[PDB]
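Below is one structure, written out as structure tokens, with a few remarks after it.
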Amino acid sequence: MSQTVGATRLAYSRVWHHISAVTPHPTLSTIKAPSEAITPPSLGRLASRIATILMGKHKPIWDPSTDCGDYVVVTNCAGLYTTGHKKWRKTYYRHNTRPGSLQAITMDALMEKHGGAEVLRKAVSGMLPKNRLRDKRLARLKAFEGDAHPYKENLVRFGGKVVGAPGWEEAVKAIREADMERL
Amino acid sequence: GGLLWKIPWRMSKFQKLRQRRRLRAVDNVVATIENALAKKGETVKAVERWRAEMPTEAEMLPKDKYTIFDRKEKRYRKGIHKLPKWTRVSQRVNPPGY
Amino acid sequence: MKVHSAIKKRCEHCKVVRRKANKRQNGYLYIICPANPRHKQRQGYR
Amino acid sequence: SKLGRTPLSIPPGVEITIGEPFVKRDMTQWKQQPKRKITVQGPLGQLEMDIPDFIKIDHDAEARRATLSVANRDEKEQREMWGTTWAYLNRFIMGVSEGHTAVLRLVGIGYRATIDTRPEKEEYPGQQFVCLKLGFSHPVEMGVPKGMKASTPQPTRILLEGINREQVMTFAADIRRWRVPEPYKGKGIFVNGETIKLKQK
Amino acid sequence: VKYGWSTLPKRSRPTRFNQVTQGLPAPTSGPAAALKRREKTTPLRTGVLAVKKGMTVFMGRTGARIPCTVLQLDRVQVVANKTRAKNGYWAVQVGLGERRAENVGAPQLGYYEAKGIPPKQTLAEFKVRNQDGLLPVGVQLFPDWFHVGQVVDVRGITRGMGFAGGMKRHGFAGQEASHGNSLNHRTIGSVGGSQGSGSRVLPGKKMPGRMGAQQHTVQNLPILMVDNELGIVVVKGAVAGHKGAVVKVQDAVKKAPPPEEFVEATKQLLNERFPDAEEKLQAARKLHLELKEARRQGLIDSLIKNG
RNA sequence: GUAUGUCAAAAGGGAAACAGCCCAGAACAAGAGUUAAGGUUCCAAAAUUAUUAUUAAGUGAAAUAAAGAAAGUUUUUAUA
RNA sequence: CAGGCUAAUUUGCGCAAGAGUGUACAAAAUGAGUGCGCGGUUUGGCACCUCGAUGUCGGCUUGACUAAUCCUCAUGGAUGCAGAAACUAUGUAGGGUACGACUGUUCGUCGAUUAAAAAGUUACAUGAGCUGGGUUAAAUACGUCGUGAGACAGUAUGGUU
RNA sequence: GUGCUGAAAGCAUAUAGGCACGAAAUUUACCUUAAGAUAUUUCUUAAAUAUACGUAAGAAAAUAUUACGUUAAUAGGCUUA
Ligand SMILES: [K+]
Ligand SMILES: [K+]
Ligand SMILES: [K+]
Ligand SMILES: [K+]
Ligand SMILES: [Mg+2]
Ligand SMILES: [Mg+2]
Ligand SMILES: [Mg+2]
Ligand SMILES: [Mg+2]
Ligand SMILES: [Mg+2]
Ligand SMILES: [Mg+2]
Ligand SMILES: [Mg+2]
Ligand SMILES: [Mg+2]
Ligand SMILES: [Mg+2]
Ligand SMILES: [Mg+2]
Ligand SMILES: [Mg+2]
Ligand SMILES: [Mg+2]
Ligand SMILES: [Mg+2]
Ligand SMILES: [Mg+2]
Ligand SMILES: [Mg+2]
Ligand SMILES: [Mg+2]
Ligand SMILES: [Mg+2]
Ligand SMILES: [Mg+2]
Ligand SMILES: [Mg+2]
Ligand SMILES: [Mg+2]
Ligand SMILES: [Mg+2]
Ligand SMILES: [Mg+2]
Ligand SMILES: [Zn+2]
């Protein structure tokens with residue numbers, strides 16, 4: 001029981017993560033060679049990763065009942081990477097229980113009214129548990145079409161270097177070497 | 001029929017893998033029983049029949065590991081998983097030609 | 001135009017082509033013939 | 001391709017300027033393929049185009065030749081564009097020096113054609129409008145795209161001229177779309193010696 | 001979703017961050033996209049608020065008899081303009097009539113205080129195509145705002161019919177009268193199909209209910225007469241509502257706008273009848289602060305009894 | 001009718017939901033215990049695990065629609 | 001009775017092949033006897049649900065949906081597309097498809113208009129919305145059958161919705 | 001359904017690639033209802049405002065909606081046309 005005794009303030013805090021839908025991802029890409037052929041994370045492979053963060057499942061204290069999820073700011077959703085002809089052949093449906101009122105729309109036609117952010121919210125929404133926390137978690141996914149967003153100051157940092165920045169890894173290893181100078 | 005017995009016509013790579021290991025585990029049971037008798041200079045009519053008219057997993061074709069003969073099918077072949085107790089039964093040889 | 005399921009060349013000038021294939025549909029196989037316009041055929045419905 | 005290997009004989013006066021690989025940022029796409037801007041200047045004008053980067057041009061300024069080649073012939077995408085990029089450059093070279101022409105013949109009683117100016121519909125200052133009387137209750141008038149010269153040596157004969165073949169042959173197709181040749185009397189608009197086999201009766 | 005294909009929360013405001021100057025495709029939805037697909041149909045000028053006074057016929061000098069509805073304008077003024085930068089669209093707020101100060105609330109008393117306009121009876125916005133349609137604040141619009149022969153659209157609330165049945169509300173045929181019919185003469189009959197159709201009454205089913213008292217637009221009504229003295233604008237045909245009800249009269253959306261000369265001449269008449277429409281407004285806006293700052297401090301009673 | 005099993009009188013895991021099918025026979029608790037069928041990107045416990053080919057049709061991915069057509073594509077065997 | 005399973009069969013269709021018709025010429029039209037199928041609208045087969053209760057043929061009222069299209073819109077082929085009209089076929093279901101005589105009738109026949117006066121599913125949609133002419137109770141008669149009481153996908157008049 | 005350029009495949013080809021024509025269907029437009037961001041150099045320190053009551057109504061099954069209440073033409077009466 002001692003493992004849990006302590007200050008759990010920072011274990012439950014909301015971290016503001018960031019990812020660009022255009023930056024190549026060696027881990028979430030199916031093409032891994034050559035270096036120039038690596039593609040960004042596909043729609044479903046990016047949503048599968050985000051849904052894991054919104055559920056807080058990346059934390060060692062995850063519990064499905066506690067809403068220990070985090071925020072995820074997705075940028076460049078206009079350049080959402082998709083394979084095949086999904087952009088023009090995939091269809092989204094709707095019905096309000098009135099016979100004949102079946103609304104259909106393609107991915108590209110849906111990206112003209114509400115942009116690529118709406119296509120990613122539907123992918124993440126289906127990957128989340130269908131319960132009373134689905135709308136709270138999906139609201140923590142802030143997707144934008146370009147590189148601009150109001151959370152450029154919220155993104156988690158480490159020594160002034162935003163995570164995902166060019167030199168963010170060096171700033172982390174420098175802070176841990178200073179923490180070892182103690183009993 | 002209106003009663004749904006949802007059984008796919010083919011097996012998955014996970015079922016085929018376990019099938020390979022079951023065909024491989026029965027080969028070790030006959031090889032152990034045969035080598036144990038050979039050391040004593042003995043033989044069993046059932047063990048001599050198996051080694052004579054039954055192949056090993058390393059000698060069977062893929063179509064004999066995941067399929068069986070069925071005269072009611074278009075091409076006289078039927079998924080082995082469509083056999084009763086197919087997981088605890090021996091089935092490796094089909095009629096010649098089919 | 002005669003829409004068939006088994007399109008065949010009826011002369012030496014008939015040509016097999018796949019038209020109307022774009023990012024939204026797969027298209028159909030046509031039998032275009034400049035000599036005789038009665039050799040026009042299609043494979044598939046919309 | 002057997003056409004891409006054929007060198008492109010650059011006649012006197014023509015000047016080919018091969019740019020360098022570039023990539024225009026497209027927010028809708030994650031990775032644009034590099035292209036090369038090729039400028040073909042000469043006496044009649046200047047044409048341009050952007051070819052893929054996998055196509056390599058060996059511009060031989062000494063013997064006035066330019067051979068095309070791709071990085072991999074096993075790829076269907078590179079084999080196709082190899083011959084297509086060659087066909088377009090051929091039309092550019094032979095279009096900026098000599099020019100492309102198209103002749104339209106108007107068959108049918110009462111069919112005429114004259115070149116006039118309609119300032120009320122001028123898409124640009126000094127646009128020529130080909131007036132066509134093809135039996136319709138209303139007058140048919142079409143403005144020549146910027147860069148084409150239209151003339152009518154005779155009432156039943158139009159002569160289009162331009163450095164871009166795609167623009168010349170496309171405008172002639174818009175005129176012919178008003179009266180397609182019929183098989184019973186040959187009435188219509190024939191483009192570049194087009195013919196139609198008439199019927200018996 | 002709640003409304004449409006949008007799964008976005010209702011309290012987030014990401015619009016300003018999805019800009020087109022950044023290289024993105026122009027969205028198909030939104031105010032800008034909505035204003036672009038309505039530019040051909042949006043009128044150029046504003047409208048006026050009139051009161052339906054009755055119905056008559058217009059007699060021509062050669063033997064023409066034309067039915068028409070008489071609409072009267074009662075001190076119609078321009079109260080405020082809506083700009084695309086502050087409100088997201090172009091429009092003009094127009095007034096009608098007057099109202100006692102005691103009945104007007106303090107929120108609206110200060111709304112008219114900062115404009116120099118007496119309290120009005122009603123207000124309504126009339127969309128315009130561009131900023132050229134915005135008019136000075138406080139100028140009165142007379143029947144000459146339109147010209148004889150001009151086509152307009154008259155909007156108004158229809159006559160209330162109360163709880164209506166199936167015949168008067170949906171034109172149902174009813175049932176038999178004497179051939180054995182039993183207690184079902186004006187009833188609706190069946191309300192749907194059996195189990196195979198949902199085991200439920202489908203949404204949108206036409207049933208009895210309240211009828212009328214809704215807005216109704218009559219389009220393409222020519223202007224037969226225009227009288228500045230009487231203040232009337234005679235339009236052809238009928239108009240929704242009762243006598244003494246306010247209506248909205250504006251140029252037709254399905255017709256080409258009036259000639260460019262007329263649109264300018266009318267704008268030039270507002271500057272003659274009201275040479276100083278901004279000076280009176282700036283003076284009114286300046287007084288609002290002086291009184292507004294007095295209400296804050298609490299010394300308003302001193303300014304009232306200043307002289 | 002016959003042969004074998006289950007259900008009936010059998011819960012539990014898998015087959016989306018499931019009397020009869022694939023596993024397995026519930027006396028009660030504990031365990032990142034060991035396994036069967038079955039599975040391992042997310043809903044949802046576990047591989048976005050390695051190797052070689054094929055498909056570009058979202059074909060297909062846990063209920064194979066037929067004969068048949070065709071410069072779709074790949075391999076192999078001939079052959080110029 | 002309706003639903004379910006099935007699909008022999010149908011008053012529902014398609015694809016393949018091509019004897020033959022088309023003055024000529026297989027595939028403009030036409031398509032013997034067949035083969036491979038879809039579909040679930042007919043007559044059946046089974047008897048799985050309901051007999052401590054699922055009201056039934058037509059009509060009226062009010063719908064919703066399918067598309068294998070009668071009209072309207074775009075359009076390919078047509079020795080057999082001169083024009084016009086029409087035939088055939090590909091798109092396409094937004095709207096419309098009315099009136100009257102006969103019959104309980106669905107259906108069908110017929111009169112006269114019309115751009116046209118096409119169909120089907122929904123418990124052969126809808127009787128705790130209506131009607132009750134038919135079918136199917138007690139009464140009575142005719143014919144037929146039975147020795148008789150009586151019976152009859154035989155016919156009549158009447159009959160608590 | 002009909003085209004232009006044009007190769008893979010020296011040709012051909014409206015096949016790849018680059019452009020385009022085109023229907024009572026669709027979408028937009030137009031009309032109504034809903035939605036309620038937002039706007040006003042708007043109001044409020046215990047209020048602004050709203051309701052109740054009374055006279056009513058462009059409203060009306062109840063409810064609600066929309067005006068008025070003496071510094072007042074809301075309803076009735078009265079006078080005139
Ligand atoms: K219900
Ligand atoms: K699928
Ligand atoms: K009687
Ligand atoms: K075509
Ligand atoms: Mg079932
Ligand atoms: Mg009333
Ligand atoms: Mg009546
Ligand atoms: Mg009565
Ligand atoms: Mg239900
Ligand atoms: Mg029993
Ligand atoms: Mg069990
Ligand atoms: Mg599963
Ligand atoms: Mg474990
Ligand atoms: Mg997991
Ligand atoms: Mg033709
Ligand atoms: Mg429409
Ligand atoms: Mg019924
Ligand atoms: Mg009922
Ligand atoms: Mg060519
Ligand atoms: Mg060509
Ligand atoms: Mg168009
Ligand atoms: Mg409207
Ligand atoms: Mg304020
Ligand atoms: Mg108060
Ligand atoms: Mg009341
Ligand atoms: Mg009075
Ligand atoms: Zn041919």
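All residue names refer to the structure tokens as shown: chains lettered A, B, ... in order, residues numbered from 1 in each chain, ligands numbered from 1 in order.
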Within 8 Å of ligand 24, counting only C-alpha atoms (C1' of nucleotides) and all ligand atoms, which protein or nucleic acid residues do you find, written as a PDB file with N, CA, C and O atoms (P, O5', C5', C4', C3', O3' and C1' of nucleotides), in the first residue's frame?
ATOM      1  P     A H  47     -34.150  46.347  -3.423  1.00  0.00           P
ATOM      2  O5'   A H  47     -33.996  47.498  -4.512  1.00  0.00           O
ATOM      3  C5'   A H  47     -34.356  47.278  -5.868  1.00  0.00           C
ATOM      4  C4'   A H  47     -33.188  47.506  -6.792  1.00  0.00           C
ATOM      5  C3'   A H  47     -33.450  47.271  -8.272  1.00  0.00           C
ATOM      6  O3'   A H  47     -34.041  48.395  -8.901  1.00  0.00           O
ATOM      7  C1'   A H  47     -31.449  46.177  -7.635  1.00  0.00           C
ATOM      8  P     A H  48     -35.329  48.231  -9.847  1.00  0.00           P
ATOM      9  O5'   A H  48     -34.714  47.827 -11.258  1.00  0.00           O
ATOM     10  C5'   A H  48     -33.941  48.761 -11.996  1.00  0.00           C
ATOM     11  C4'   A H  48     -33.142  48.092 -13.084  1.00  0.00           C
ATOM     12  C3'   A H  48     -33.942  47.305 -14.110  1.00  0.00           C
ATOM     13  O3'   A H  48     -34.494  48.124 -15.125  1.00  0.00           O
ATOM     14  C1'   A H  48     -32.135  45.991 -13.355  1.00  0.00           C
ATOM     15  P     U H  49     -36.085  48.212 -15.323  1.00  0.00           P
ATOM     16  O5'   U H  49     -36.505  46.736 -15.745  1.00  0.00           O
ATOM     17  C5'   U H  49     -35.923  46.109 -16.876  1.00  0.00           C
ATOM     18  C4'   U H  49     -35.933  44.608 -16.737  1.00  0.00           C
ATOM     19  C3'   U H  49     -37.306  43.963 -16.649  1.00  0.00           C
ATOM     20  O3'   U H  49     -37.901  43.767 -17.919  1.00  0.00           O
ATOM     21  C1'   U H  49     -35.925  43.104 -14.936  1.00  0.00           C
TER      22        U H  49
END
- Within 10 Å of chain G, which residues of chain A show up when using only C-alpha atoms (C1' of nucleotides), listed as JSON, numbers by chain? {"A": [98, 99, 100]}
Save out the residues we just selected, N, CA, C and O atoms, as a PDB file, in the first residue's frame.
ATOM      1  N   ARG A  98     -36.493   9.635 -38.571  1.00  0.00           N
ATOM      2  CA  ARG A  98     -37.563   9.918 -39.514  1.00  0.00           C
ATOM      3  C   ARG A  98     -37.262   9.206 -40.826  1.00  0.00           C
ATOM      4  O   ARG A  98     -36.277   9.557 -41.492  1.00  0.00           O
ATOM      5  N   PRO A  99     -38.047   8.207 -41.229  1.00  0.00           N
ATOM      6  CA  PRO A  99     -37.735   7.488 -42.468  1.00  0.00           C
ATOM      7  C   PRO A  99     -37.557   8.437 -43.644  1.00  0.00           C
ATOM      8  O   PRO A  99     -38.338   9.370 -43.843  1.00  0.00           O
ATOM      9  N   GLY A 100     -36.510   8.188 -44.425  1.00  0.00           N
ATOM     10  CA  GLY A 100     -36.150   9.017 -45.547  1.00  0.00           C
ATOM     11  C   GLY A 100     -35.105  10.066 -45.237  1.00  0.00           C
ATOM     12  O   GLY A 100     -34.525  10.636 -46.168  1.00  0.00           O
TER      13      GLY A 100
END
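Near chain E, within 6 Å and counting only C-alpha atoms (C1' of nucleotides), the residues of chain H are residues 39, 42, 43 and 58 of chain H.
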- Message: Taking only C-alpha atoms (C1' of nucleotides) and all ligand atoms into account, list the residues no farther than 12 Å from ligand 20, as a ChimeraX atom specification.
- Response: /C:34 /D:169 /H:3-7,11-15
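For the atom pair formed by atom CA of residue D:192 and atom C1' of residue H:2, the distance is 19.5 Å, given to one decimal.
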- Query: Running DSSP on the backbone, which parts of stretch 5-198 of chain E land in alpha helix (DSSP H), as a list in words?
  - Reply: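 The alpha helix (DSSP H) subset of stretch 5-198 of chain E is residues 31, 32, 33, 34, 35, 36, 106, 107, 108, 109, 110, 111, 112, 113, 167, 168, 169 and 170 of chain E.
The two atoms in question, atom CA of residue D:126 and atom CA of residue D:164, are spaced 19.8 Å apart.
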Which residues of chain A come within 9 Å of chain F, and what is each one's closest atom pair and distance in Å (one decimal), counting only C-alpha atoms (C1' of nucleotides), sorted by chain and residue number, as CSV?
residue,atom,partner,partner_atom,distance
A:27,CA,F:48,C1',8.5
A:28,CA,F:48,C1',7.4
A:30,CA,F:48,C1',8.9
A:44,CA,F:41,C1',8.5
A:45,CA,F:41,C1',6.9
A:47,CA,F:42,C1',8.0
A:48,CA,F:42,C1',4.9
A:49,CA,F:42,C1',7.8
A:51,CA,F:42,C1',6.7
A:52,CA,F:42,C1',7.4
A:84,CA,F:56,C1',7.1
A:85,CA,F:58,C1',8.9
A:86,CA,F:58,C1',8.1
A:90,CA,F:58,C1',8.7
A:124,CA,F:42,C1',8.5
A:126,CA,F:43,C1',7.1
A:127,CA,F:42,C1',4.8
A:128,CA,F:43,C1',5.6
A:129,CA,F:43,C1',5.3
A:130,CA,F:43,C1',7.4
Counting only C-alpha atoms (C1' of nucleotides), what is within 12 Å of residue B:16, bar same-chain residues fewer than 2 positions away, as a PDB file with N, CA and C atoms (P, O5', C5', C4', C3', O3' and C1' of nucleotides), in the first residue's frame?
ATOM      1  N   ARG B  10     -13.250 -20.548 -43.637  1.00  0.00           N
ATOM      2  CA  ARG B  10     -11.811 -20.715 -43.544  1.00  0.00           C
ATOM      3  C   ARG B  10     -11.353 -20.392 -42.132  1.00  0.00           C
ATOM      4  N   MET B  11     -10.147 -20.842 -41.813  1.00  0.00           N
ATOM      5  CA  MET B  11      -9.557 -20.638 -40.501  1.00  0.00           C
ATOM      6  C   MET B  11      -8.656 -19.411 -40.510  1.00  0.00           C
ATOM      7  N   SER B  12      -8.368 -18.911 -39.316  1.00  0.00           N
ATOM      8  CA  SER B  12      -7.457 -17.791 -39.158  1.00  0.00           C
ATOM      9  C   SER B  12      -6.037 -18.287 -38.916  1.00  0.00           C
ATOM     10  N   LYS B  13      -5.075 -17.387 -39.125  1.00  0.00           N
ATOM     11  CA  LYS B  13      -3.676 -17.746 -38.931  1.00  0.00           C
ATOM     12  C   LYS B  13      -3.398 -18.207 -37.509  1.00  0.00           C
ATOM     13  N   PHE B  14      -4.228 -17.801 -36.549  1.00  0.00           N
ATOM     14  CA  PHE B  14      -4.065 -18.257 -35.175  1.00  0.00           C
ATOM     15  C   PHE B  14      -4.565 -19.684 -35.000  1.00  0.00           C
ATOM     16  N   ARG B  18      -2.111 -23.126 -34.145  1.00  0.00           N
ATOM     17  CA  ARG B  18      -2.390 -24.133 -33.129  1.00  0.00           C
ATOM     18  C   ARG B  18      -2.599 -25.506 -33.749  1.00  0.00           C
ATOM     19  N   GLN B  19      -3.208 -25.554 -34.935  1.00  0.00           N
ATOM     20  CA  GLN B  19      -3.360 -26.823 -35.636  1.00  0.00           C
ATOM     21  C   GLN B  19      -1.998 -27.426 -35.952  1.00  0.00           C
ATOM     22  N   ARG B  20      -1.052 -26.591 -36.384  1.00  0.00           N
ATOM     23  CA  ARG B  20       0.289 -27.077 -36.688  1.00  0.00           C
ATOM     24  C   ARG B  20       0.949 -27.670 -35.452  1.00  0.00           C
ATOM     25  N   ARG B  21       0.710 -27.070 -34.288  1.00  0.00           N
ATOM     26  CA  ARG B  21       1.341 -27.533 -33.060  1.00  0.00           C
ATOM     27  C   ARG B  21       0.655 -28.770 -32.498  1.00  0.00           C
ATOM     28  N   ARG B  22      -0.625 -28.966 -32.813  1.00  0.00           N
ATOM     29  CA  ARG B  22      -1.316 -30.181 -32.403  1.00  0.00           C
ATOM     30  C   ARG B  22      -0.914 -31.365 -33.274  1.00  0.00           C
ATOM     31  N   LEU B  23      -0.780 -31.143 -34.583  1.00  0.00           N
ATOM     32  CA  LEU B  23      -0.222 -32.168 -35.456  1.00  0.00           C
ATOM     33  C   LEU B  23       1.223 -32.474 -35.098  1.00  0.00           C
ATOM     34  N   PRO B  62      -0.205 -28.016 -47.024  1.00  0.00           N
ATOM     35  CA  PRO B  62      -1.089 -27.072 -46.323  1.00  0.00           C
ATOM     36  C   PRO B  62      -2.565 -27.365 -46.515  1.00  0.00           C
ATOM     37  N   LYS B  63      -2.957 -27.907 -47.669  1.00  0.00           N
ATOM     38  CA  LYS B  63      -4.360 -28.215 -47.913  1.00  0.00           C
ATOM     39  C   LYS B  63      -4.834 -29.443 -47.152  1.00  0.00           C
ATOM     40  N   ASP B  64      -3.919 -30.252 -46.626  1.00  0.00           N
ATOM     41  CA  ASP B  64      -4.279 -31.383 -45.785  1.00  0.00           C
ATOM     42  C   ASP B  64      -4.271 -31.042 -44.302  1.00  0.00           C
ATOM     43  N   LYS B  65      -3.736 -29.880 -43.925  1.00  0.00           N
ATOM     44  CA  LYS B  65      -3.738 -29.449 -42.534  1.00  0.00           C
ATOM     45  C   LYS B  65      -4.983 -28.662 -42.159  1.00  0.00           C
ATOM     46  N   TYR B  66      -5.589 -27.957 -43.116  1.00  0.00           N
ATOM     47  CA  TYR B  66      -6.707 -27.064 -42.839  1.00  0.00           C
ATOM     48  C   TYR B  66      -7.944 -27.411 -43.658  1.00  0.00           C
ATOM     49  N   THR B  67      -7.993 -28.601 -44.250  1.00  0.00           N
ATOM     50  CA  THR B  67      -9.127 -28.972 -45.081  1.00  0.00           C
ATOM     51  C   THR B  67      -9.350 -30.475 -45.009  1.00  0.00           C
ATOM     52  N   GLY B  79     -13.433 -27.036 -44.855  1.00  0.00           N
ATOM     53  CA  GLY B  79     -12.577 -26.625 -43.763  1.00  0.00           C
ATOM     54  C   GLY B  79     -12.517 -27.647 -42.651  1.00  0.00           C
ATOM     55  N   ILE B  80     -11.310 -27.954 -42.175  1.00  0.00           N
ATOM     56  CA  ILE B  80     -11.165 -28.982 -41.151  1.00  0.00           C
ATOM     57  C   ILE B  80     -11.852 -28.561 -39.862  1.00  0.00           C
ATOM     58  N   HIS B  81     -11.937 -27.255 -39.605  1.00  0.00           N
ATOM     59  CA  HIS B  81     -12.633 -26.776 -38.420  1.00  0.00           C
ATOM     60  C   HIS B  81     -14.120 -27.087 -38.451  1.00  0.00           C
ATOM     61  N   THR B  87     -10.389 -30.504 -32.872  1.00  0.00           N
ATOM     62  CA  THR B  87      -9.213 -30.167 -32.087  1.00  0.00           C
ATOM     63  C   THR B  87      -8.656 -31.358 -31.319  1.00  0.00           C
TER      64      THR B  87
ATOM     65  P     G F  38      -9.460 -22.700 -32.066  1.00  0.00           P
ATOM     66  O5'   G F  38      -9.708 -21.190 -31.625  1.00  0.00           O
ATOM     67  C5'   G F  38     -10.954 -20.550 -31.857  1.00  0.00           C
ATOM     68  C4'   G F  38     -11.082 -19.285 -31.049  1.00  0.00           C
ATOM     69  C3'   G F  38     -10.142 -18.152 -31.422  1.00  0.00           C
ATOM     70  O3'   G F  38     -10.565 -17.412 -32.554  1.00  0.00           O
ATOM     71  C1'   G F  38     -10.100 -18.448 -29.092  1.00  0.00           C
TER      72        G F  38
END
- May I ask you to write as a VMD selection string all residues lying at most 10 Å from ligand 25, with only C-alpha atoms (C1' of nucleotides) and all ligand atoms counted? chain H and resid 59 to 63
- Around ligand 13, at most 12 Å away and counting only C-alpha atoms (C1' of nucleotides) and all ligand atoms, which residues are there? Put them as a list in words, please.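 With only C-alpha atoms (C1' of nucleotides) and all ligand atoms and a cut-off of 12 Å, ligand 13 is contacted by residues 31, 32, 33, 34, 35, 45 and 46 of chain F.
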- Message: If I take atom CA of residue E:64 and atom CA of residue E:221, how far is one from the other in Å, to one decimal?
- Response: 16.7 Å
For the structure I just gave you, how does DSSP split chain B - specifically, which residues are strand (DSSP E)? Reply as a compact mmCIF listing (two decimals) with N, CA and C atoms, in the first residue's frame.
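Okay, states_35.txt is ready:
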# COMPACT_ATOMS: atom_id res chain seq x y z
N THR B 67 -7.99 -28.60 -44.25
CA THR B 67 -9.13 -28.97 -45.08
C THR B 67 -9.35 -30.47 -45.01
N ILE B 68 -10.59 -30.88 -45.31
CA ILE B 68 -10.98 -32.28 -45.33
C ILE B 68 -11.86 -32.53 -46.55
N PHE B 69 -11.99 -33.81 -46.90
CA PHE B 69 -12.78 -34.21 -48.05
C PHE B 69 -14.27 -34.18 -47.70
N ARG B 77 -13.96 -30.28 -51.01
CA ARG B 77 -13.09 -29.86 -49.92
C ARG B 77 -13.90 -29.04 -48.93
N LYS B 78 -13.51 -29.14 -47.66
CA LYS B 78 -14.25 -28.54 -46.56
C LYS B 78 -13.27 -28.21 -45.45
N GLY B 79 -13.43 -27.04 -44.86
CA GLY B 79 -12.58 -26.62 -43.76
C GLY B 79 -12.52 -27.65 -42.65
- Task: Return as a list in words every polymer residue, whether protein, DNA or RNA, with at least one atom no more than 8 Å from an atom of ligand 26; count only C-alpha atoms (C1' of nucleotides) and all ligand atoms.
- Result: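 The residues within 8 Å of ligand 26, counting only C-alpha atoms (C1' of nucleotides) and all ligand atoms, are residues 73, 75, 76 and 77 of chain H.
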Atoms to include: C-alpha atoms (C1' of nucleotides). Write the selected residues as a PDB file, in the first residue's frame.
ATOM      1  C1'   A H  73     -57.601  56.272 -25.914  1.00  0.00           C
ATOM      2  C1'   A H  75     -62.181  48.147 -23.078  1.00  0.00           C
ATOM      3  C1'   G H  76     -67.248  50.156 -22.551  1.00  0.00           C
ATOM      4  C1'   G H  77     -70.269  54.479 -23.034  1.00  0.00           C
TER       5        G H  77
END
- Message: Should the cut-off be 7 Å, what would the residue list for chain G against chain C look like, counting only C-alpha atoms (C1' of nucleotides), as a ChimeraX atom specification?
- Response: /G:15,76-77,89
- Task: Using only C-alpha atoms (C1' of nucleotides) and all ligand atoms, determine which residues fall within 8 Å of ligand 2, then list them as a list in words.
- Result: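 Going residue by residue within 8 Å of ligand 2, we get residues 58, 59, 60 and 61 of chain F.
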